[PDB]
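Chemist: would you be able to build a 3D model of this:
(3 chains, ligands or ions: 3)
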Amino acid sequence: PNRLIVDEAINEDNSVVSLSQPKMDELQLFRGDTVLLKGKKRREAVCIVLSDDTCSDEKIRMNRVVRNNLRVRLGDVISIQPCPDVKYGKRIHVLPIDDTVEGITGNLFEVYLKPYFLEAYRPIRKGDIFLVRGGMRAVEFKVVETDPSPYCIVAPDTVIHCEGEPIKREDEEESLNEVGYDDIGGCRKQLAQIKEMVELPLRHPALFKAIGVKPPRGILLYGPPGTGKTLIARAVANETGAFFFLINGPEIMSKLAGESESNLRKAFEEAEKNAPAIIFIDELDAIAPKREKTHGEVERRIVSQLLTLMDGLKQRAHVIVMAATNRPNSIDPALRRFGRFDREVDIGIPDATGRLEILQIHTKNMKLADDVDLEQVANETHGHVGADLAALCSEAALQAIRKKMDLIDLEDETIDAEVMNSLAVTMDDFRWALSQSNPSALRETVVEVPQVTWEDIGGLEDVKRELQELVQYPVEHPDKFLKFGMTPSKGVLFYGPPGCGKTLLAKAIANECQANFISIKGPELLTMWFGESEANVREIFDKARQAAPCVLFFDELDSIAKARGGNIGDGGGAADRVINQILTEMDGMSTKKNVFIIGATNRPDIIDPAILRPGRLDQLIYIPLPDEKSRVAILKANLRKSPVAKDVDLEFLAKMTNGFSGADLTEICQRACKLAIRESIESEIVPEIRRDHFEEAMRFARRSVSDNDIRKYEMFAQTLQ
Amino acid sequence: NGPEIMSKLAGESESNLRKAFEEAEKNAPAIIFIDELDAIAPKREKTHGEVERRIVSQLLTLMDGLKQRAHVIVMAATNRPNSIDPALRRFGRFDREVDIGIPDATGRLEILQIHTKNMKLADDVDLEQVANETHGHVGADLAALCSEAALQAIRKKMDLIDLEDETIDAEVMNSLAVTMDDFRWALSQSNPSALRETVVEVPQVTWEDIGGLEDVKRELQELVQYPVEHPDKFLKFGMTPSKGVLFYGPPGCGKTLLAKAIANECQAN
Amino acid sequence: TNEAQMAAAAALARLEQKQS
Ligand SMILES: Nc1ncnc2c1ncn2[C@@H]1O[C@H](COP(=O)(O)OP(=O)(O)O)[C@@H](O)[C@H]1O
Ligand SMILES: Nc1ncnc2c1ncn2[C@@H]1O[C@H](COP(=O)(O)OP(=O)(O)O)[C@@H](O)[C@H]1O
Ligand SMILES: Nc1ncnc2c1ncn2[C@@H]1O[C@H](COP(=O)(O)OP(=O)(O)O)[C@@H](O)[C@H]1O
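Modeler: Numbers count the residues shown, from 1 in each chain, chains lettered A, B, ... in the order given. Ligands and ions are numbered 1, 2, ... in the order given. Now the structure:
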């Protein structure tokens, strides 16, 4: 009783933990009460209990600062007790730790400690270490003297001393700036999967000796460079306490035959001697490239040596080997066989939310101006990875320190802390950094939950409901499908005129379902066909399997048929190299992976009919041109980005644009906007888009689908009944 | 195993391979198992190095030496018989071979039952439904599935009771049950290793699954079953058995089910 | 007690200021 499992917290406050209500009732404490935490090696900490909707009953959520002072690690268990006799102090003495005060000088109390303690009412105990961020530094302090004991609340009316030399860090405590889990931004789902595999073998080895269950022995991380593969490996070892050893392909390859194998063996021997231990092998494809792809004897030998050492992990107790590669298929296939590196985690590229998190992490120490908008940056930084977002934060700080601080700074060892704390980075500083940086992963597909909602699609109310039944119902009501022997469809194909929102339909359902959206476009299907590299289709479906739950959207299914001449072309059939691989992968994909495949084409008469057979995209939805009320909704949605005059009659315009698609209604909106810009510019040689601008646009905009094509689309939909 | 032999330097790999055969004779009767055979003796056209050619020749001579090394049988494991030096399959040596392949739905259930012998399963756990869902999985995948399901039960109950010590109480393990929710979770985290291969098994389609075509069903029995149920009648009257049949007509009328149904009744792959 | 709720009020203010 009164024992809780230590886990991560969302509230980063140095004096707060979060409990689930059933434990607050068992301990007979209320929200805001002070408790004491009993850790390891006769160490304790004082904190305030709050609550949230994420903590489980058996867990206690705390940050790194509390775990460090308690000398506990994630996965351990501590005792908790109320202490209602807590009172405020009158005097405290807090001094910085030398390990974190570097490059700065001045009145550290006024810069850090006073903002930290003043009106903050924080519970502290003698000997506590806590971190205060600011001035582009992260400085931690120790409590060395208090009049009350052993703990008190620091009130705004207390006297805070800070006199004496900086204190050297003790061997019983770790630095709070050491790489941990709180330094990792995006790919939090991937980190959770790793923790599930790694925490128990290292934190609770007794479980795997006493219980007949096999541990993981290796994890392969893959994705573009700079995504956090090497950051995770270090953070895991530091959080769990395992001895960390670093291996990298180039360094091993820099050694002569016999030296490279000996050094690789020593790395494994050291991990066992210091077990529990984690070995990280970077550039796995460089140290162990596919043997069948190299004629060199030494390179084939080092692959055999690594495979032997990996198999030896059945004897080396409590040793886990992690590795990083750019592509999961660029390494010798033997490494990925059962055992060795049979478990893999897809790191990929951080999504818009993760990219913001990364920008926030690398600015925690930075002062940001009120005009700084890191969410807008995260949305614009397409193709960027964590290494690029960190570079953007540093480069933006370079402009802030050059523009303002360079006229304050000296050519000396340290800079005043007072002026650094007031150094705000502006929006123009991040914009400059964005123009100077170049995304390291712009060609690779970014897979994420889309931000398109149903409110972004004009009309199609019935199709929206149909997608919900196709994607959500099979898993929200599985007992009804079993009761009536219904086989859920594996996917749906959209057909009809262009410019009716087929792309948004697939994104909107992926968004509401909180599923990742994978977008395959014509150019990718054509590249595989033309280059005789249809094998890459397997990698596309493999992304869907790893990204699940997800929606796998194949756009422009006719892109190859049109590239083959479309209506005339050659004398052959609709089958080709790429569609054959796609159809094969579709048949090999089970609905149990929570992957739903959506197709779209504007020319269904020239696609391989096989894709419409049962087991494939056997659900067909016709998307006609928007009707009268839908066209109005489209015009209103498209104009949400511009000022529009009250005299603009969007219903009248929609009534005239009877043959226009949603894309053609956009052309009208864009033309009316450009006409408003033209007149506005001329007036200086206007504040809003007037009716005259839309009426003038009506004389330039045209429907993209001719009357002959509209009838063909309707007759095709009629033919399919 | 391949890596253990191939990682050794010229002269060391051959000596170690020879010692393995010497020990098998000294301790005869003995069995030598060579895993990842294609790593030591790949098809000759795939390797040109002097070291790789010599170690292959050393294996070939050691295999031939088994005429004198009485009571020693050498078994080897490969992924494909066509990825290894064809010389190994000459009379003697590795002339006999057995296709292990992958388990079918019945075999997968048997594997799950074996790897759950020590597991306490809840009443909601049904390994037959799992075996039907685990398409493309091999025994090593089903073993991983059982392990992952056990880990979920451990996290939920073993950490919940707060048992942290050098040993684990047997009474706690006695009450530690693995529910179907833990298997479903493990299935989501498991990834079949044999999903790329063709699955060959006796189909579950029977004649009751096909509506109509009563005469076609009998015709398949005459073509497929009678040649082996009454082989003396085919010889007696000088019949030449047919090697196959083609179906034609509108699509979606049961052509596939007909082929499966006859394979099922005669229990053929 | 009251000194504990005073610490809680300050912790809640810091948390809500960051969330908003
Ligand atoms: N996913 C991520 N989350 C947070 N920071 C990241 C992430 N990926 C990279 N970074 C940051 O970018 C830099 C990556 O450099 P490094 O650790 O050497 O990794 P790499 O292997 O990409 O060179 C570090 O400053 C790290 O903090
Ligand atoms: N019903 C609609 N609601 C909102 N926007 C639409 C609608 N129809 C078309 N659009 C706009 O037109 C553009 C083209 O849509 P898309 O599905 O890409 O057509 P296609 O696939 O034929 O090129 C989309 O980016 C979308 O913004
Ligand atoms: N005679 C029949 N009785 C029952 N079901 C049938 C019959 N003919 C076709 N079907 C149904 O139609 C589907 C397609 O049949 P199949 O033989 O696979 O087509 P094909 O042989 O042309 O590929 C089957 O899944 C089956 O359920």
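Chemist: and the one helix or strand residue A:48 maps to, what does it pack onto?
Modeler: Residue A:48 belongs to strand A:44-50 when assigned by DSSP states H and E. Here strand A:44-50 touches strand A:16-18, strand A:34-38, helix A:64-70, strand A:122-125, helix C:2-19, going by 3 or more Cβ pairs under 8 Å, 6 or more residues apart in numbering or on different chains; DSSP states H and E. In this view, the C-beta of every residue, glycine as well, is placed from N, C-alpha and C.
Chemist: tell me what angle the longest one forms with strand A:34-38.
Modeler: Angular relation of helix C:2-19 and strand A:34-38 on a 0 to 180 degree scale: 90 degrees, by axes from the mean of the first three to the mean of the last three Cα atoms, to 10 degrees.
Chemist: hmm, helix C:2-19 touching chain A?
Modeler: Yes - counting by Cβ under 8 Å from any Cβ of the partner chain, chain A is contacted by helix C:2-19 at C:3-12, C:14-15.
Chemist: got the angle for that helix vs strand A:44-50?
Modeler: 70 degrees.
Chemist: any idea how far apart the tips of stretch A:215-223 sit?
Modeler: 25 Å (Cα to Cα, to the nearest Å).
Chemist: among the helices and strands packed on strand A:44-50, which is nearest residue B:60?
Modeler: Among the helices and strands packed on strand A:44-50, helix A:64-70 comes nearest to residue B:60, with 60.8 Å by Cβ to Cβ.
Chemist: by proximity to chain C, which residue of chain A wins?
Modeler: Nearest residue of chain A to chain C: residue A:32, at 2.8 Å (Cβ to the nearest Cβ).
Chemist: surely that residue forms part of a helix?
Modeler: No - assigned with DSSP: H, G, I helix; E, B strand; the rest coil, residue A:32 falls outside any helix and is coil.
Chemist: how many residues are close by the residue lying closest to it once chain neighbours are set aside?
Modeler: Nearest non-adjacent residue to residue A:32, counting by Cβ to Cβ, 6 or more residues apart in numbering or on different chains: residue C:8, 2.8 Å away. Residues lying near residue C:8 (other Cβ atoms under 10 Å in any protein chain shown) number 21.
Chemist: so who does residue C:8 touch?
Modeler: A:31-33, A:48, A:50 (Cβ atoms under 8 Å, 6 or more residues apart in numbering or on different chains).
Chemist: ditto for residue A:308
Modeler: With Cβ under 8 Å, 6+ apart, residue A:308 has these contacts: B:3-4, B:7.
Chemist: the inter-axis angle of the helix or strand where it lies versus helix B:50-64?
Modeler: Applying DSSP H and E as the criterion places residue A:308 in helix A:297-311. Helix A:297-311 and helix B:50-64 are oriented at 60 degrees to each other (the same axes, to 10 degrees).
Chemist: off-centre distance for helix A:297-311?
Modeler: In terms of Cα atoms, centre = their mean, to the nearest Å, the centre of helix A:297-311 is set 34 Å apart from its chain centre.
Chemist: anything in the helix or strand following it near chain B?
Modeler: Proceeding N to C from helix A:297-311, the next assigned helix or strand is strand A:319-325, under DSSP H and E. No - judged by Cβ under 8 Å from any Cβ, strand A:319-325 stays clear of chain B, getting no closer than 14.8 Å.
Chemist: give me the sheet partners of strand A:319-325 and which way each runs.
Modeler: strand A:218-222 (parallel), strand A:277-282 (parallel) (DSSP bridges).
Chemist: out of these, which is closest to residue C:19?
Modeler: strand A:218-222 (32.1 Å).
Chemist: got a list of what residue A:661 touches?
Modeler: A:497-500, A:625-626, A:703-705.
Chemist: measure the closest residue to residue C:14 other than its chain neighbours to residue C:8 for me?
Modeler: Nearest residue to residue C:14, sequence neighbours excluded (Cβ to Cβ, 6+ apart): residue A:13, at 6.3 Å. The spacing between residue A:13 and residue C:8, counted by Cβ to Cβ, to the nearest Å, is 11 Å.
Chemist: how about the stretch 251-400 of chain A: which residue is closest to ligand 1?
Modeler: residue A:386 (2.4 Å; Cβ to the nearest ligand atom).
Chemist: residue contacts, that residue?
Modeler: Contacts of residue A:386 (Cβ under 8 Å, 6+ apart): A:185-186, A:226-228, A:231, A:350, A:358.
Chemist: so which residues of the stretch 151-300 of chain A form strands?
Modeler: A:151-154, A:159-161, A:218-222, A:243-248, A:277-282 (DSSP state E, counting those that start in this stretch).
Chemist: about what we covered before: any idea how many residues pack against the residue nearest to residue C:14?
Modeler: Neighbour tally, residue A:13, other Cβ under 10 Å: 23.
Chemist: over to residue A:479?
Modeler: The number of residues near residue A:479, taken as other Cβ under 10 Å, comes to 7.
Chemist: part of a helix, is it?
Modeler: Yes - assessed by three-state DSSP, residue A:479 belongs to a helix.
Chemist: and it, how far from ligand 2?
Modeler: According to Cβ to the nearest ligand atom, to the nearest Å, residue A:479 and ligand 2 sit 35 Å apart.
Chemist: equivalent analysis for residue A:318, please.
Modeler: 53 Å.
Chemist: for residue A:334, same thing?
Modeler: From residue A:334 to ligand 2 the distance is 44 Å (Cβ to the nearest ligand atom).
Chemist: how many neighbouring residues does the residue lying closest to residue A:109 once chain neighbours are set aside have?
Modeler: Nearest residue to residue A:109 in three dimensions, chain neighbours excluded: residue A:162, at 4.1 Å (Cβ to Cβ, 6+ apart). Residues lying near residue A:162 (other Cβ under 10 Å) number 18.
Chemist: mind listing what residue A:162 touches?
Modeler: A:93-96, A:108-109, A:113.
Chemist: which of these lies closest to residue C:20?
Modeler: Distance to residue C:20 across the contacts of residue A:162 (Cβ to Cβ) is lowest for residue A:113, with 25.7 Å.
Chemist: sec struct for that closest one, please.
Modeler: Residue A:113 ends up helix, using three-state DSSP.
Chemist: count of neighbours near it?
Modeler: By other Cβ under 10 Å, neighbour count at residue A:113 equals 23.
Chemist: turn the strands of the stretch 151-300 of chain A into CSV, including mean neighbour count and distance to ligand 2.
Modeler: Shown next, in CSV, are those (neighbours: other Cβ atoms under 10 Å in any protein chain shown; distance: least, Cβ to the nearest ligand atom, whole Å):
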stretch, mean neighbour count, distance to ligand 2
strand A:151-154, 25, 55
strand A:159-161, 13, 58
strand A:218-222, 24, 31
strand A:243-248, 18, 44
strand A:277-282, 24, 41
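Chemist: in TSV: these, plus distance to ligand 3.
Modeler: Formatted as TSV, the strands of the stretch 151-300 of chain A follow (distance: least, Cβ to the nearest ligand atom, whole Å):
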stretch	distance to ligand 3
strand A:151-154	72
strand A:159-161	79
strand A:218-222	38
strand A:243-248	52
strand A:277-282	48
